[PDB]
Amino acid sequence: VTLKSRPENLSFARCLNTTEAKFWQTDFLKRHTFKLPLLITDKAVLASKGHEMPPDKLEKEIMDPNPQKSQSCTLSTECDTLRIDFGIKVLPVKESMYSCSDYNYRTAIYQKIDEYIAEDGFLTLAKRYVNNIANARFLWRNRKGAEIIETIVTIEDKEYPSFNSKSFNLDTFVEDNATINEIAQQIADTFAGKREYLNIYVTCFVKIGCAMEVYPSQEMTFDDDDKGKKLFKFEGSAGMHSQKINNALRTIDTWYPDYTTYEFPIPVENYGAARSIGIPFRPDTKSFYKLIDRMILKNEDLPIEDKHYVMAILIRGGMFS
Amino acid sequence: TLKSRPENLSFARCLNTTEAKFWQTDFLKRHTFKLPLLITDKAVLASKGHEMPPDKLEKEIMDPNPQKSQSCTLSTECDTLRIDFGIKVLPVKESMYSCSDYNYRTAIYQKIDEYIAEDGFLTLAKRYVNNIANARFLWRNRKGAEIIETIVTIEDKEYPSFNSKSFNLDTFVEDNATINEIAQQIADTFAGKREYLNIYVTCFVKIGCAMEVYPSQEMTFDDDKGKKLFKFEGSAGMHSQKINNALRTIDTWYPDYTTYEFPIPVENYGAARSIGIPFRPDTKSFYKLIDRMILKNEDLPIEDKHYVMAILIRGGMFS
């Protein structure tokens with residue numbers, strides 16, 4: 001019954017499956033009675049070369065500015081508030097292992113998930129996920145200027161008490177409010193297998209102003225030149241990628257080694273990598289690729305912070321041997 | 001202890017300018033009248049104006065070709081263009097889109113609150129909304145006008161009016177009440193004392209009855225090869241980058257200023273597309289001045305400090 005290695009095919013599925021985040025434009029005094037479409041507009045930009053260059057060909061850079069047809073979005077000279085609608089389906093973690101070659105590791109992972117299910121049943125992580133819902137980080141750069149950010153979180157035809165998103169800071173997580181705890185309790189239940197699915201529809205109103213600029217999710221252009229800001233279009237309207245929304249709702253890792261010195265949550269990844277900051281925050285030790293080999297292959301009791309991490313990457317998936 | 005600039009370094013814009021919409025009114029009733037300014041398609045026969053030897057001249061100098069050129073003209077009953085554009089001023093310390101080294105992050109934040117100490121972005125904001133005040137966002141429509149009257153709105157509080165002809169384009173003024181008060185509001189919405197501010201400027205220009213007014217053009221691919229103008233909600237429009245580059249004309253610290261005496265868009269190398277050749281090519285560019293302000297922890301003159309921070313409102317890339 002001893003465990004030697006990790007399976008050749010060890011693949012978890014997403015237990016937090018988000019839809020795309022479809023954009024709409026509305027007025028804030030009549031948000032509940034308004035829903036105008038937000039369309040991607042097309043604009044010509046002229047190449048302002050701001051990259052570094054020695055004083056050899058800067059005159060050639062200023063001589064021939066090649067224009068680029070960039071897709072950018074302005075709302076309307078009438079609307080005043082972004083309406084994001086996006087859905088999330090939370091599925092039980094146990095019924096998400098997409099492949100496990102060995103069966104002994106499978107029953108070891110099922111016993112280990114149940115061990116966590118007994119002590120803190122996915123309530124800490126759920127509260128943190130719904131705290132990531134609450135502060136409205138869905139808006140990555142759209143959040144940068146607003147007066148009221150209001151997120152309504154509908155759970156199965158039950159419109160919950162609406163959230164103020166600027167009162168909740170980006171760097172601290174709240175365990176007190178009643179709505180966040182009961183929504184997190186439903187998500188904790190869904191994680192269990194006590195409930196087999198939960199559809200959560202979240203609508204965010206951000207009042208950036210009148211005729212201001214939105215910032216949708218960019219898309220990779222075709223490789224045969226045509227370099228320009230091609231934004232995402234979902235149903236003849238702007239939208240954000242479910243990968244951005246999941247990375248927004250995956251920034252729950254405060255239990256990283258260099259915390260007391262950086263004091264900023266990073267998004268959950270296999271070696272603790274933040275692409276905008278650099279210097280991977282969880283290298284060597286505190287890395288699933290050693291922690292679950294210390295938890296399943298060997299058999300000690302990790303502390304609850306590393307236990308919080310090591311089963312928080314299990315909503316994400318993608319491993320191997 | 002720092003070594004070089006990070007592989008990822010990106011500053012966002014602290015002046016999110018809006019694409020300006022265009023209306024037609026009459027100066028007599030500029031506040032009780034607002035009609036849309038449509039785009040009209042018109043015909044051109046382009047005669048070639050490229051230098052050609054006399055031998056090949058006859059071949060085309062008498063052979064025209066049809067092109068469709070969109071042009072914009074005011075109605076006979078209106079004599080005033082209304083340019084409505086908003087500005088979102090956001091804090092500079094929060095404009096760091098990416099910093100791939102954290103020591104660079106700490107040192108650049110130390111530079112921000114060192115400048116905020118000496119000057120609360122007062123001179124820069126004075127220059128920016130004086131550039132709002134002198135109606136430089138009218139890029140060429142300013143050229144013939146009776147009275148250019150620009151009026152500003154902050155946070156649903158009206159603001160006093162502005163006679164743009166009284167401000168010359170080469171010298172900046174720091175002695176009126178409204179420029180100083182609005183610049184103080186832009187100044188502390190940049191320092192971080194307040195998270196955001198929205199600016200709504202409408203400009204009334206008296207260009208004349210049935211005169212024609214010139215919005216920003218777009219590039220046509222090889223495809224009509226004709227002037228195509230910006231259309232915004234079925235109305236004439238102006239590019240956001242046009243207004244931002246007009247308002248960025250705050251640089252009076254380029255080395256050869258006592259020989260040219262004119263503001264140039266703020267730019268990494270000083271490569272203004274007007275006069276061509278870059279005005280800060282070697283020693284006063286971005287990529288030497290911040291290669292010294294942060295990495296060499298060396299003190300820079302207040303003017304150079306103004307320039308590198310004006311770029312930090314505008315942009316800034318990595319190695």
# chains A, B, ... in the order shown; residues from 1 in each chain; ligands from 1

call {"tool": "residues_around", "arguments": {"residues": "residue 289 (chain B)", "least_positions_apart": "3", "cutoff": "9 Å", "atoms": "only C-alpha atoms", "output": "VMD selection string"}}
result
chain B and resid 283 to 286 292 to 294 300 304 to 305 308

call {"tool": "interface_residues", "arguments": {"of": "chain B", "to": "chain A", "cutoff": "6 Å", "atoms": "only C-alpha atoms", "output": "list in words"}}
result
residues 98, 99, 100, 196, 218 and 268 of chain B

call {"tool": "write_last_selection", "arguments": {"atoms": "C-alpha atoms", "output": "short mmCIF file (atom, residue, chain, number, x, y, z; two decimals), in the first residue's frame"}}
result
data_model
loop_
_atom_site.label_atom_id
_atom_site.label_comp_id
_atom_site.auth_asym_id
_atom_site.auth_seq_id
_atom_site.Cartn_x
_atom_site.Cartn_y
_atom_site.Cartn_z
CA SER B 98 3.70 46.05 -14.77
CA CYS B 99 6.99 46.20 -12.76
CA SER B 100 9.15 43.10 -13.23
CA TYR B 196 -10.30 59.85 -9.69
CA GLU B 218 -8.37 57.54 -40.57
CA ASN B 268 10.55 59.54 -25.05
#

call {"tool": "residues_around", "arguments": {"residues": "residue 10 (chain A)", "least_positions_apart": "3", "cutoff": "9 Å", "atoms": "only C-alpha atoms", "output": "list in words"}}
result
residues 6, 7, 97, 98, 99, 100, 101, 317, 318, 319, 320 and 321 of chain A

call {"tool": "select_by_dssp", "arguments": {"residues": "region 50-205 of chain A", "states": "strand (DSSP E or B)", "output": "ChimeraX atom specification"}}
result
/A:67-72,74,81-90,97-100,149-155,159,163-164,198-205

call {"tool": "closest_residue", "arguments": {"among": "A:26, A:243, A:19, A:260", "to": "residue 79 (chain A)", "atoms": "only C-alpha atoms"}}
result
A:26

call {"tool": "residues_around", "arguments": {"residues": "residue 136 (chain A)", "least_positions_apart": "5", "cutoff": "8 Å", "atoms": "only C-alpha atoms", "output": "list in words"}}
result
residues 143, 149, 151, 165 and 204 of chain A

call {"tool": "residues_around", "arguments": {"residues": "residue 229 (chain B)", "least_positions_apart": "2", "cutoff": "7 Å", "atoms": "only C-alpha atoms", "output": "ChimeraX atom specification"}}
result
/B:70,215-218,227,231

call {"tool": "write_last_selection", "arguments": {"atoms": "C-alpha atoms", "output": "short mmCIF file (atom, residue, chain, number, x, y, z; two decimals), in the first residue's frame"}}
result
data_model
loop_
_atom_site.label_atom_id
_atom_site.label_comp_id
_atom_site.auth_asym_id
_atom_site.auth_seq_id
_atom_site.Cartn_x
_atom_site.Cartn_y
_atom_site.Cartn_z
CA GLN B 70 -15.66 62.34 -46.97
CA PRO B 215 -12.09 66.32 -37.78
CA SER B 216 -9.48 63.57 -37.48
CA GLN B 217 -8.88 61.30 -40.48
CA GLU B 218 -8.37 57.54 -40.57
CA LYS B 227 -10.28 61.04 -47.07
CA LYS B 231 -17.87 58.91 -37.35
#

call {"tool": "residues_around", "arguments": {"residues": "region 220-226 of chain B", "least_positions_apart": "5", "cutoff": "7 Å", "atoms": "only C-alpha atoms", "output": "list in words"}}
result
residues 67, 68 and 69 of chain B

call {"tool": "residues_around", "arguments": {"residues": "residue 72 (chain B)", "least_positions_apart": "2", "cutoff": "6 Å", "atoms": "only C-alpha atoms", "output": "mmCIF file with N, CA, C and O atoms, in the first residue's frame"}}
result
data_model
loop_
_atom_site.group_PDB
_atom_site.id
_atom_site.type_symbol
_atom_site.label_atom_id
_atom_site.label_comp_id
_atom_site.auth_asym_id
_atom_site.auth_seq_id
_atom_site.Cartn_x
_atom_site.Cartn_y
_atom_site.Cartn_z
ATOM 1 N N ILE B 39 -21.383 63.581 -41.618
ATOM 2 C CA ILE B 39 -20.295 63.471 -42.586
ATOM 3 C C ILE B 39 -20.897 63.357 -43.979
ATOM 4 O O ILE B 39 -21.778 62.522 -44.216
ATOM 5 N N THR B 40 -20.420 64.187 -44.904
ATOM 6 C CA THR B 40 -20.928 64.217 -46.269
ATOM 7 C C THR B 40 -19.893 63.638 -47.223
ATOM 8 O O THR B 40 -18.735 64.063 -47.220
ATOM 9 N N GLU B 212 -16.661 75.006 -43.277
ATOM 10 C CA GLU B 212 -16.330 73.593 -43.185
ATOM 11 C C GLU B 212 -15.259 73.373 -42.124
ATOM 12 O O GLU B 212 -14.331 74.176 -41.981
ATOM 13 N N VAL B 213 -15.443 72.318 -41.330
ATOM 14 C CA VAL B 213 -14.607 72.063 -40.165
ATOM 15 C C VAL B 213 -14.038 70.654 -40.263
ATOM 16 O O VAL B 213 -14.623 69.760 -40.885
#

call {"tool": "atom_distance", "arguments": {"atom1": "CA of residue 157 (chain A)", "atom2": "CA of residue 196 (chain A)"}}
result
17.3 Å

call {"tool": "select_by_dssp", "arguments": {"residues": "region 3-156 of chain A", "states": "helix (DSSP H, G or I)", "output": "VMD selection string"}}
result
chain A and resid 31 to 33 58 to 63 94 to 96 104 to 118 124 to 134 142 to 144

call {"tool": "write_last_selection", "arguments": {"atoms": "N, CA and C atoms", "output": "CSV table (one decimal), in the first residue's frame"}}
result
chain,number,residue,atom,x,y,z
A,31,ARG,N,-30.3,51.7,-13.7
A,31,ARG,CA,-29.5,50.5,-14.1
A,31,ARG,C,-30.5,49.3,-14.3
A,32,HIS,N,-31.4,49.1,-13.3
A,32,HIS,CA,-32.3,47.9,-13.4
A,32,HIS,C,-33.3,48.0,-14.6
A,33,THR,N,-33.4,49.2,-15.2
A,33,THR,CA,-34.3,49.4,-16.3
A,33,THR,C,-33.6,49.7,-17.6
A,58,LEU,N,16.7,56.8,-35.3
A,58,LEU,CA,15.5,57.5,-34.7
A,58,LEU,C,14.9,58.4,-35.8
A,59,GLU,N,15.7,59.0,-36.7
A,59,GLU,CA,15.2,59.8,-37.8
A,59,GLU,C,14.4,58.9,-38.8
A,60,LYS,N,14.8,57.7,-39.0
A,60,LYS,CA,14.0,56.8,-39.8
A,60,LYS,C,12.7,56.3,-39.1
A,61,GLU,N,12.8,56.3,-37.7
A,61,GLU,CA,11.6,56.0,-37.0
A,61,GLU,C,10.5,57.1,-37.1
A,62,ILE,N,11.0,58.4,-37.1
A,62,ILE,CA,10.1,59.5,-37.2
A,62,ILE,C,9.8,59.8,-38.7
A,63,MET,N,10.5,59.2,-39.6
A,63,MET,CA,10.3,59.5,-41.0
A,63,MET,C,9.1,58.8,-41.6
A,94,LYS,N,-14.1,16.4,-5.8
A,94,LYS,CA,-13.9,15.0,-5.9
A,94,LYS,C,-14.3,14.4,-7.2
A,95,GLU,N,-15.4,14.9,-7.8
A,95,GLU,CA,-15.9,14.5,-9.1
A,95,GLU,C,-15.3,15.5,-10.2
A,96,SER,N,-14.0,15.7,-10.1
A,96,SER,CA,-13.3,16.5,-11.1
A,96,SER,C,-12.0,15.9,-11.5
A,104,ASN,N,-4.3,3.6,-6.5
A,104,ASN,CA,-4.0,3.8,-5.1
A,104,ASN,C,-3.8,5.3,-4.8
A,105,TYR,N,-3.3,6.1,-5.7
A,105,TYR,CA,-3.2,7.5,-5.6
A,105,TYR,C,-4.6,8.1,-5.5
A,106,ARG,N,-5.5,7.5,-6.4
A,106,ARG,CA,-6.9,8.0,-6.4
A,106,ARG,C,-7.6,7.9,-5.1
A,107,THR,N,-7.4,6.7,-4.4
A,107,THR,CA,-8.1,6.6,-3.1
A,107,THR,C,-7.3,7.4,-2.0
A,108,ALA,N,-6.0,7.6,-2.2
A,108,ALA,CA,-5.3,8.5,-1.3
A,108,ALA,C,-5.7,9.9,-1.5
A,109,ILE,N,-5.9,10.4,-2.7
A,109,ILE,CA,-6.4,11.8,-2.9
A,109,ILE,C,-7.9,11.9,-2.4
A,110,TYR,N,-8.7,10.8,-2.5
A,110,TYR,CA,-10.0,10.9,-2.0
A,110,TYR,C,-10.1,11.0,-0.4
A,111,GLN,N,-9.2,10.2,0.2
A,111,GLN,CA,-9.0,10.2,1.6
A,111,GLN,C,-8.5,11.6,2.1
A,112,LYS,N,-7.6,12.2,1.3
A,112,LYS,CA,-7.0,13.5,1.7
A,112,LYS,C,-8.0,14.6,1.5
A,113,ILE,N,-8.8,14.6,0.4
A,113,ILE,CA,-9.8,15.6,0.2
A,113,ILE,C,-10.8,15.5,1.4
A,114,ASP,N,-11.2,14.3,1.8
A,114,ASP,CA,-12.2,14.1,2.9
A,114,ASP,C,-11.5,14.6,4.2
A,115,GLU,N,-10.2,14.4,4.4
A,115,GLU,CA,-9.5,14.9,5.6
A,115,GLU,C,-9.7,16.5,5.7
A,116,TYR,N,-9.5,17.2,4.6
A,116,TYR,CA,-9.8,18.6,4.5
A,116,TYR,C,-11.3,18.9,4.7
A,117,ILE,N,-12.1,18.1,4.1
A,117,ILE,CA,-13.6,18.3,4.2
A,117,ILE,C,-14.0,18.2,5.7
A,118,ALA,N,-13.3,17.4,6.5
A,118,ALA,CA,-13.7,17.4,7.9
A,118,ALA,C,-13.2,18.6,8.6
A,124,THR,N,-12.9,28.5,4.2
A,124,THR,CA,-11.9,29.5,4.1
A,124,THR,C,-11.7,29.9,2.6
A,125,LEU,N,-11.4,28.9,1.8
A,125,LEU,CA,-11.2,29.1,0.4
A,125,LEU,C,-12.5,29.8,-0.3
A,126,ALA,N,-13.6,29.2,0.1
A,126,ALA,CA,-14.9,29.7,-0.5
A,126,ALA,C,-15.1,31.2,-0.1
A,127,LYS,N,-14.9,31.5,1.1
A,127,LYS,CA,-15.0,32.9,1.6
A,127,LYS,C,-14.1,33.8,0.8
A,128,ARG,N,-12.8,33.3,0.6
A,128,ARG,CA,-11.8,34.1,-0.2
A,128,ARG,C,-12.3,34.2,-1.6
A,129,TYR,N,-12.8,33.1,-2.2
A,129,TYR,CA,-13.3,33.2,-3.6
A,129,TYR,C,-14.4,34.2,-3.7
A,130,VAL,N,-15.3,34.2,-2.7
A,130,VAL,CA,-16.5,35.1,-2.8
A,130,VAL,C,-16.0,36.5,-2.3
A,131,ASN,N,-14.9,36.6,-1.5
A,131,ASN,CA,-14.3,37.9,-1.3
A,131,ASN,C,-13.7,38.5,-2.5
A,132,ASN,N,-13.1,37.6,-3.4
A,132,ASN,CA,-12.6,38.0,-4.7
A,132,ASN,C,-13.8,38.4,-5.6
A,133,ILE,N,-15.0,37.8,-5.4
A,133,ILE,CA,-16.2,38.3,-6.0
A,133,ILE,C,-16.5,39.7,-5.6
A,134,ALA,N,-16.4,39.9,-4.2
A,134,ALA,CA,-17.0,41.1,-3.6
A,134,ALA,C,-16.3,42.4,-4.0
A,142,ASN,N,-10.4,48.3,-15.5
A,142,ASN,CA,-11.6,49.1,-15.6
A,142,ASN,C,-12.0,49.7,-14.2
A,143,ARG,N,-11.5,49.1,-13.1
A,143,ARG,CA,-11.8,49.5,-11.8
A,143,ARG,C,-11.1,50.8,-11.4
A,144,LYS,N,-10.1,51.3,-12.2
A,144,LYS,CA,-9.1,52.2,-11.8
A,144,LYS,C,-9.8,53.6,-11.4

call {"tool": "decode", "arguments": {"residues": "region 192-230 of chain B", "atoms": "C-alpha atoms", "output": "short mmCIF file (atom, residue, chain, number, x, y, z; two decimals), in the first residue's frame"}}
result
data_model
loop_
_atom_site.label_atom_id
_atom_site.label_comp_id
_atom_site.auth_asym_id
_atom_site.auth_seq_id
_atom_site.Cartn_x
_atom_site.Cartn_y
_atom_site.Cartn_z
CA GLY B 192 -3.39 60.16 -4.88
CA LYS B 193 -5.22 62.38 -2.35
CA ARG B 194 -8.34 61.40 -4.34
CA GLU B 195 -8.87 58.34 -6.49
CA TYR B 196 -10.30 59.85 -9.69
CA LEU B 197 -11.56 62.99 -11.36
CA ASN B 198 -13.72 63.55 -14.44
CA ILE B 199 -13.33 66.68 -16.57
CA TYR B 200 -15.97 67.66 -19.14
CA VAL B 201 -14.85 70.40 -21.54
CA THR B 202 -17.10 71.77 -24.26
CA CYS B 203 -15.59 74.22 -26.74
CA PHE B 204 -17.68 76.61 -28.82
CA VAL B 205 -15.79 77.87 -31.89
CA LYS B 206 -17.30 80.52 -34.16
CA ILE B 207 -16.01 79.33 -37.52
CA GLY B 208 -18.73 80.94 -39.63
CA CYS B 209 -22.07 80.30 -41.31
CA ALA B 210 -21.86 77.23 -43.61
CA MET B 211 -18.06 76.98 -43.14
CA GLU B 212 -16.33 73.59 -43.19
CA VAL B 213 -14.61 72.06 -40.16
CA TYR B 214 -11.95 69.38 -40.06
CA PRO B 215 -12.09 66.32 -37.78
CA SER B 216 -9.48 63.57 -37.48
CA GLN B 217 -8.88 61.30 -40.48
CA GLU B 218 -8.37 57.54 -40.57
CA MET B 219 -6.05 55.46 -42.71
CA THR B 220 -7.64 53.65 -45.68
CA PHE B 221 -5.98 50.38 -46.76
CA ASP B 222 -4.86 50.01 -50.41
CA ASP B 223 -8.56 49.07 -50.89
CA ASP B 224 -11.07 53.98 -51.67
CA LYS B 225 -7.75 55.88 -51.18
CA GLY B 226 -9.99 58.83 -50.16
CA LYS B 227 -10.28 61.04 -47.07
CA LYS B 228 -12.33 59.07 -44.52
CA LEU B 229 -13.33 61.05 -41.36
CA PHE B 230 -14.16 59.77 -37.82
#
